[PDB]
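Tertiary structure, described
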Amino acid sequence: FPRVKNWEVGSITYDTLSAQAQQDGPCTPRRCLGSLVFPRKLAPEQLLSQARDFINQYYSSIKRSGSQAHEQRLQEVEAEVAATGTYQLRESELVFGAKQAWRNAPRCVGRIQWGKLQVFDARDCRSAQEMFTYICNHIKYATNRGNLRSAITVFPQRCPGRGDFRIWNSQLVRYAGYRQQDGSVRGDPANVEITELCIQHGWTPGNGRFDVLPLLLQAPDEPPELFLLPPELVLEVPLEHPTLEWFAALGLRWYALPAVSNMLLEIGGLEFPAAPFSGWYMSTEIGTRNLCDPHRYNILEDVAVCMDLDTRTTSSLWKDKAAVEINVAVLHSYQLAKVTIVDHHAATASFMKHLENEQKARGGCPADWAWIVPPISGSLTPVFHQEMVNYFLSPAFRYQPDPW
Amino acid sequence: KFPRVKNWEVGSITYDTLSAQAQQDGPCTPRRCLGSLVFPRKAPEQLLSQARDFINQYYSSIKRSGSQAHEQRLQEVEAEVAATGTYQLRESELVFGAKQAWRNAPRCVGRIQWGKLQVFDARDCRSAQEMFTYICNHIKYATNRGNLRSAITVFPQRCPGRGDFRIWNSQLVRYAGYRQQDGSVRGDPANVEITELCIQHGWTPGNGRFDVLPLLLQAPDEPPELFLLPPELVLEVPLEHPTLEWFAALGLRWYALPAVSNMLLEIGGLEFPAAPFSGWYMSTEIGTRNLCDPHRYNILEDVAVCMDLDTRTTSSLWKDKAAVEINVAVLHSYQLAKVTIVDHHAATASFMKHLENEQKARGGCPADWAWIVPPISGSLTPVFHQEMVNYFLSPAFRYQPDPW
Ligand code: HEM
Ligand code: HEM
Ligand SMILES: CNCC#Cc1cc(F)cc(CCc2cc(C)cc(N)n2)c1
Ligand SMILES: CNCC#Cc1cc(F)cc(CCc2cc(C)cc(N)n2)c1
Ligand SMILES: C[C@H](O)[C@H](O)[C@H]1CNc2nc(N)[nH]c(=O)c2N1
Ligand SMILES: C[C@H](O)[C@H](O)[C@H]1CNc2nc(N)[nH]c(=O)c2N1
Ligand SMILES: [Cl-]
Ligand SMILES: [Cl-]
Ligand SMILES: [Gd]
Ligand SMILES: [Gd]
Ligand SMILES: [Zn+2]
Ligand SMILES: [Zn+2]
């Protein structure tokens, strides 16, 4: 049982949950790959044992493990798989798995919220325009005039044979990525590839730096067809700075809903390739990674020129000074527009509070240090000096290949 | 069969084939990762194969692998372990082995410099008094009036018959930390214990925040003896801010030379428990860690307060703003005083060049992401977006238990 120490207070705990599940990760005694983004790369006899496990702790979590419906719900499942080969989850199991996957996501820092998750059952889906309205209800519910609410909508579980539901966008709201005469980009370069497939399926492009891409949705077998998003529905915040009057004139906006639409939800040994979850942003994701990264909008030196910073030497810390202000403008703009947002300090302190909660409840908590520590001011936040264990529990959100 | 490592800023791909000959195993398993742990751990025949591996290494580097001179040295070493249970490194083998141990140090971002290491051979050392003067000369050569040089002094190897030479101090230069009436700490809280020791070994303590500690030096089988560093040997730097002139009224100072003194150097199976080494500082170690860590000097709030930042709420990002200016003051103070120093932008940039040199040469480079990435402004640096394989090669610097 790993001795996990916190170097700031001195506290000692043991992660006893690290032993309680496996799905083997990347590291071996001869090298750790914890810093890698994808763990390497991406007859149903024990679909039962994955469902045996899930149902077993579902009843553990409501006391009623032991007799009654517990030793009874074990039978409906094994009977269902006996003659069907797959099975259906009771609607509360779906809600409980949906929340457990969140609780288990090692890379997520906002898990203090894991128990407030709105779960839209959409397994009754089978059409493209159908999904699109399920998405569009999600977006309106989650966005909620800028008082954001965690939400996931679960689309039908991939069945043995016959296709999958899949969203071709990384997120519901993504900006345009337009190449040109330079092989360079105006817009967002993370999404250059999907702008390829948007136009390749009938999308007429647009202006430039901030074009909200169209959803590319596909229902089993039938190929993907595009879908446009109502501008009345994609809520967005224009970026301004409380004291640098010129920041607004840079014409920067970012959207409000972080909703990732390409991961695969696994509950009780069923795989849901369409399961968009949605929360609210931590400020650094917008200010530091999305805007400041050299392979994203890369605004850093442009903001530094406007601040009159000495860009002639790295020891001026001009990159650091401008990054902070970019972050200040993000929090400020979202607060003016009354859009839910959290700063990395507030966020990390809540994760520390979560770690304590999980300590008494499950004797531990899987966490990926390199994703929990914010991409600026890391050592200034209480999670930096806190050791962390990373493992794979189920239910969980996983990565999956793209449809090409 | 080797890990694929991606740079995400740029999209570079290589495979770390060097990790295959990892000469010892670490703390991770496929069940769970412990890469963020600070301390993972805490006869003639293996000593033969270790030493065999080093000799092979040493002779490849002088491009004379598998010569008579090479088979002579192998046959010599086993002959001497037969007779005595140990062997002796030739001076050239010692220099190479100290270089490689630096080269292999996965948590050092300074490794671009690994070939330019001044190795002082102190293996003929005899007393704890001789020990003191080998160290003073080390400090003098490495300090070099502010124009810092990298250096290591190797005291005699561990061997059966007598005990170890040991330097008790974690670093050659450290400031005292005094417990208090308030239960608090005056000075550096990282050094309360070594301060407790010095007092009870006769040192009459001061009552400042920046009192340089004496050396507790241990000759084999003797108790440790106290030695005062000559003041004019310890180059110090008063910290000033280039545009916040009230900063100099804080009294803050740091020393020029970081000289790590409590690590074990291991070469071809032989162990040097006393082999202190020194380089120059990266500004973040002083500014962020030593000065801003809440369990260290903890100046952040008092600086932010003087800056007239809004301390009531974190969304103002006061912590980040105070931190950046504390760093700017360190880089400025050290450049004013003509004392070598490197900022985290230059340091991570040269470490990326090292990674590229090291992939062409050895086919990989062991590195601990959580330590390579600076404690502020991570994603502003190019090491953030670089995947890294962590593993342990020999020769090596290892931790060892405190001798008390
Ligand atoms: C409501 C507040 C939330 C916050 C502040 C938050 C924040 C974050 C952050 C900051 C990261 C990774 C760091 C980065 O990529 O920049 C992350 C990752 C993640 N979060 Fe959360 N999130 C929230 C809600 C949710 C919800 C509701 C779910 C699912 C039900 C979720 C699941 C995940 C997953 C799966 C990842 C991993 C992404 C990947 O591996 O690519 N999060 N989250
Ligand atoms: C000359 C410039 C050097 C620089 C700029 C440098 C920088 C650093 C930094 C910043 C860290 C730790 C990161 C942190 O804790 O904040 C580190 C760790 C380390 N360095 Fe270097 N270093 C230098 C020279 C050397 C030399 C000369 C050696 C030995 C020959 C060395 C060996 C090590 C080792 C073993 C560690 C790990 C210490 C531990 O595990 O606790 N470095 N270095
Ligand atoms: C190569 N790595 C780059 C990347 C990435 C990434 C992709 C995504 F689709 C979502 C997020 C952020 C995830 C997130 C999710 C939620 C629910 C909230 C939040 N604040 N961030 C990051
Ligand atoms: C709990 N973790 C906090 C920390 C730390 C730290 C630990 C160490 F053992 C050495 C150094 C300083 C390392 C160093 C050595 C040299 C020679 C140069 C340099 N710039 N830094 C920092
Ligand atoms: C707990 C945490 O992993 C540990 O304190 C490490 C993390 N990485 C670090 N990285 C640097 N550069 N300096 C540090 O002190 C630390 N501390
Ligand atoms: C190479 C590195 O591990 C990788 O880029 C990780 C590191 N930390 C991150 N942190 C955040 N917030 N987002 C990321 O995509 C990453 N990526
Ligand atoms: Cl994003
Ligand atoms: Cl230090
Ligand atoms: Gd101007
Ligand atoms: Gd001033
Ligand atoms: Zn690992
Ligand atoms: Zn620290």
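In the PDB archive, X-ray crystallography is given as the structure determination method for this entry, at a resolution of 2.216 Å.

1. Quick word on a nonpolar patch on the surface
Together, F1(A), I12(A) and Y14(A) line one region of the surface with nonpolar side chains, adding up to about 350 Å² of accessible area. Tracing the backbone shows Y14(A) in strand 2 (residues 12–14).

2. Points about the sheet that holds strand 18 (residues 396–398) of chain A
Residues and elements named next belong to chain A. Read from one edge to the other, the open sheet built from three strands follows the order 14-13-18, with strand pairing classed as antiparallel. Sheet topology places strand 14 (270–272) and strand 18 at the edges, where each strand pairs with a single neighbour. Between one strand axis and the next, the sheet turns by 30° as a mean value, whatever way the strands run. Both strand 13 (residues 264–267) and strand 14 contribute to a ladder of three bridges, which runs antiparallel. Within the sheet, the bridge partner assigned to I267 lies in strand 14 and is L270.

3. Quick notes on the site of ligand 1
Residue and element names in this part refer to chain A. Looking at ligand 1, there are 16 residues lining it, with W102, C108, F277, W371 and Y399 nearest. A distance of 2.2 Å separates an oxygen atom of ligand 1 from a polar side-chain atom of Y399. When the residues that make up the shell around ligand 1 are grouped by side-chain class, the tally is ten nonpolar, four polar and two charged.

4. Description of the sheet that holds strand 15 (residues 277–278) of chain B
Through backbone hydrogen bonds, the strands of a sheet pair up, either in parallel or in antiparallel fashion. Residue and element names in this part refer to chain B. Pairing within the open sheet is mixed, and its four strands lie in the order 3-4-15-12. Each edge of the open sheet carries a strand with a single partner, namely strand 3 (118–121) and strand 12 (259–260). Here strand 12 pairs with strand 15 via two bridges, running antiparallel. Among the inter-strand pairings, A259 is bridged to a residue of strand 15, identified as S278. Packed onto the sheet, helix 3 (residues 91–103) meets strand 3 and strand 4 (151–154) and runs at close to 135° relative to strand 3. Against the sheet, helix 4 (residues 128–143) makes contact with strand 3, strand 4 and strand 15, and its axis sits at roughly 170° relative to strand 4, the strand it touches most.

5. Describing the coordination of the zinc ion (ligand 12)
Ligation of the zinc ion (ligand 12) by protein atoms is provided by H385(A) (NE2), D293(B) (OD) and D293(B) (OD), these donors lying 2.0 to 2.2 Å from the ion. With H385(A) in the loop between helix 10 (369–372) and strand 18 and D293(B) in the loop between helix 6 (283–292) and helix 7 (300–306), this pair bridges two chains. As far as burial versus exposure is concerned, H385(A) and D293(B) are alike and both buried.

6. Let's talk about the coordination of the iron atom of ligand 2
Within the protein, just one atom coordinates the iron atom of ligand 2: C108(B) (SG), at a distance of 2.2 Å. Along the polypeptide, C108(B) turns up in the loop between helix 3 and strand 3.

7. Points about the domain arrangement of chain A
Residues and elements named next belong to chain A. You can read the domains of chain A as domain 1 (15–123 + 150–160 + 264–278 + 348–372), domain 2 (124–149 + 164–235 + 399–403) and domain 3 (236–258 + 281–346). For domain 1 and domain 3, the distance between their C-alpha centres works out to 35 Å. On the side of domain 3, six residues touch domain 1, which itself brings six residues to the contact. For the domain 1 and domain 3 pair, buried surface summed over both sides reaches about 360 Å², with 42% attributable to carbon and sulfur atoms. The three residues of domain 1 that bury the most area against domain 3 are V109, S278 and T348, which together make up 78% of that side's buried surface. Our enumeration of links across domain 1 and domain 3 arrives at six residue pairs in polar contact. Looking at the side of domain 1 that touches domain 3, the elements with two or more residues in it are strand 15 (277–278) and helix 9 (344–362). Counting residues per element, the side of domain 1 that touches domain 3 draws most heavily on helix 9, at three residues. Of the residues that constitute the side of domain 1 that touches domain 3, the class distribution is three nonpolar, three polar and no charged.

Thresholds, definitions, all that
The residue numbers you see begin from 1 on each chain and track the sequence as written, which may not match the entry, and residues missing coordinates are not shown. Starting at A for chains and at 1 for ligands, labels are handed out in the order in which the entities are written. Hydrogen atoms and water are omitted, and side-chain values are computed over all heavy atoms in the structure. Residues enter patches when their relative accessible area tops 30% and they take part in no salt bridge; the joining distance is 9 Å for like charges and 5 Å for the nonpolar side chains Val, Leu, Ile, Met, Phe, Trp and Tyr. Only the protein chains shown count as cover for residues, and the accessible areas themselves come from Shrake-Rupley with a 1.4 Å probe. By definition, a salt bridge exists where a carboxyl oxygen of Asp or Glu is found within 4 Å of a side-chain nitrogen of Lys or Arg. Numbering of helices and strands starts at the N terminus; helices are DSSP runs of H or I of at least 4 residues and strands are runs of E of at least 2. Each pair of strands is called paired provided DSSP finds at least two bridges between the two strands. To define axes, lines are fitted to C-alpha atoms, for helices over the stretch in contact only, and angles between the resulting N-to-C directions are given on a 0 to 180 degree scale. Being near a molecule or strand, for a residue, means having at least one of its heavy atoms within 4 Å of it. We define a polar contact as two N or O atoms separated by no more than 3.5 Å, with the added condition that, inside protein, one atom must be a possible hydrogen donor and the other a possible acceptor, whereas residues neighbouring each other in sequence contribute only through side-chain atom pairs. Throughout, the ten residues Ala, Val, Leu, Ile, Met, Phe, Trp, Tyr, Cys and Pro are labelled nonpolar, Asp, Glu, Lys and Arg are labelled charged, and all others, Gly among them, are labelled polar. By definition in these notes, contact holds between two residues if any of their heavy atoms fall within 4.5 Å. Donor atoms (N, O, S) are those found within 2.8 Å of the metal centre, with the cutoff raised to 3.2 Å for Na, K and Ca; water is not part of the atom list, so apparent gaps in a site can occur. When a residue's accessible area, from a 1.4 Å probe over protein chains only, is under 20% of the maximum for its type it is buried; when over 50% it is exposed; and in between it is partly exposed. Each domain span listed reflects an automatic or database assignment of domains. Put simply, buried area is how much 1.4 Å-probe accessible surface two parts lose in total, over both of them, once they are put together.

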